[PDB]
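Novice: coords below, sequence missing:
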RNA sequence: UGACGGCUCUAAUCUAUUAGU
DNA sequence: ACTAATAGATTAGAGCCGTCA
Ligand SMILES: [Mg+2]
């Protein structure tokens, strides 16, 4: 949800952990070979 | 004086969503399922390896024949079967030291020489991957024994596909002996060699040749195996699980659960009580999150009878409405049969039921269309037993045969044992080379 | 390590008992 | 309460050799 500009450390850490774990799991789990990853952020 | 029940052979799928039996027929007729626009290679070794590999690669593009094409279909051409571009004008090459002062490798200190050579190769590959701008997909290694084991173990951390080919495999023409004859004559199975290398290269580049389409939903397959290791106190750890075979709304999956759970005892090949829970706990959620639902029915394969307390612990661990069955497969059981007439053996797919649980099954019987038998001599059966669990015997007997053709490392018509145990065994010896590996990857590409 | 199969020798724990200091 | 010697019956490594007359 919205936690204001405060807790900005947690604010960036949560999102970056989510994206990083998603990318790492995709790289180490899926079978199809990929070359580039285009990240779309709102 | 008992009738033997015959089970019809299952079928596989190919391009355009159509069915067939032999993978080679589908390849020569419809090719692969998914398509990759091409592959970019990369080679390491000596310049002799470079010229030999280039010569062989340009030899592949033209069709080749077999001694008796009915026994083995002909190879029509790499681009014909696949249409995937693979040329000999896009190869990168990193030179190796060639003076080779340590020419005494085969008769010297094994550990030091192996560590030095594997360090050299791995460091060169890492430097090439982390420095050069040009992209790479696979790597072929040519070398002129506890040797190939360490090569993949250290590189497993960096998630890079790899392949190794013997120096005598490609240029077998001049590989003569003291008599002068080739030591590994390949004058009859060159087409099948091309088949095997081409399919291995296509898979390891990210292409999926074929998938099953005669499977039922709500089922999961699993297997376990044990291997011997002695470092300090002989901890018979093993317990290297494999296979998941889950089914989402559409598709096949071969991730599996990996990690060497430890059995500290000496001869207790039976699983530890503490480690048992973690295996099923790590197996369940992988299917759950992909398919959004729990697996109603599950399967367990093995190769050794296990005690009761592990089964109990699994029973409390397993969720509601899930049946647990442990299927034991044995290969060394003398049940030599004989066809009454002719110089010719029995078919494949014949099953013999002795009781409610135990059974004898054949896989190495002649194909009706191959005009010959896979086994060199009269084949021997395999024994199937159900230790614990309640289910229908007939569907289990027919279902194992469906998993006798998913061998991606080769293009044989079928393999005796189901490839689940083969995958687990293959993971075993390659994951135990180095004990410093943490969180191993969950893909079959890197170590096959 | 091309991959499969058929073989050939070597080793080892778990039962249940005996002889044994 | 553990140390040797005979069996039945499981259970795992390695090493050769052919490739379907
Ligand atoms: Mg291989």
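Specialist: Here it is on my side, so go on. Numbering: from 1, shown residues only, chains lettered A, B, ... in the order given.
Novice: which strand or helix spans residue A:12?
Specialist: Using DSSP states H and E, residue A:12 maps to helix A:8-29.
Novice: so which elements touch that helix?
Specialist: Under the contact definition 3 or more CB pairs under 8 Å, 6 or more residues apart in numbering or on different chains; DSSP states H and E, helix A:8-29 sits against no other helix or strand. C-beta here means a position set from N, CA and C on the backbone, and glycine is covered the same way.
Novice: quick one: distance of that helix to the chain centre.
Specialist: From the chain centre to the centre of helix A:8-29 is a distance of 3 Å (CA atoms, centre = their mean, to the nearest Å).
Novice: what comes up buried for it?
Specialist: Within helix A:8-29, no residue counts as buried by 16 or more other CB atoms under 10 Å in any protein chain shown.
Novice: now stretch A:26-39
Specialist: residue A:31.
Novice: got the contact list for the most centrally placed residue in chain A?
Specialist: Geometric centre of chain A, nearest residue: residue A:19, 0.9 Å, by CA atoms, centre = their mean. Taking CB atoms under 8 Å, 6 or more residues apart in numbering or on different chains, we find residue A:19 in contact with residue A:39.
Novice: distance of it from residue A:40?
Specialist: Computed as CB to CB, to the nearest Å, the residue A:19 to residue A:40 distance reads 11 Å.
Novice: distance of residue A:42 from chain B?
Specialist: 24 Å (CB to the nearest CB, to the nearest Å).
Novice: ok, now residue A:3?
Specialist: 27 Å.
Novice: can you check residue A:23 too?
Specialist: Taking CB to the nearest CB, one finds residue A:23 at 12 Å from chain B.
Novice: residue in chain A nearest to DNA strand D?
Specialist: residue A:28 (27.0 Å; CB to the nearest atom of the strand).
Novice: nearest residue to that residue in space, please, no chain neighbours.
Specialist: residue B:441 (4.3 Å; CB to CB, 6 or more residues apart in numbering or on different chains).
Novice: quick one, phi psi at the one you found?
Specialist: The phi/psi pair for residue B:441 (degrees, to the nearest 10) reads phi -70, psi 160.
Novice: returning to that earlier point: list the contacts of the residue of chain A closest to DNA strand D.
Specialist: With CB under 8 Å, 6+ apart, residue A:28 has these contacts: B:159, B:441, B:442, B:443.
Novice: which residues of chain A lie near DNA strand D?
Specialist: Residues of chain A lying close to DNA strand D (CB under 7 Å from any atom of the strand): none.
Novice: could you tell me which residues of chain A lie near RNA strand C?
Specialist: For chain A, no residue is in contact with RNA strand C (CB under 7 Å from any atom of the strand).
Novice: residue of chain A closest to chain B, please.
Specialist: Across chain A, no residue is closer to chain B than residue A:33, which sits at 3.0 Å (CB to the nearest CB).
Novice: which residues does that residue contact?
Specialist: Listed by CB under 8 Å, 6+ apart, the contact set of residue A:33 reads B:36, B:137, B:205, B:206.
Novice: and if you look at residue A:29?
Specialist: Contacts for residue A:29 were tallied using CB under 8 Å, 6+ apart; they are B:255, B:441, B:442, B:443.
Novice: for these, name the two members farthest from one another.
Specialist: Greatest spacing in those, by CB to CB: B:255 and B:441 (9.7 Å).
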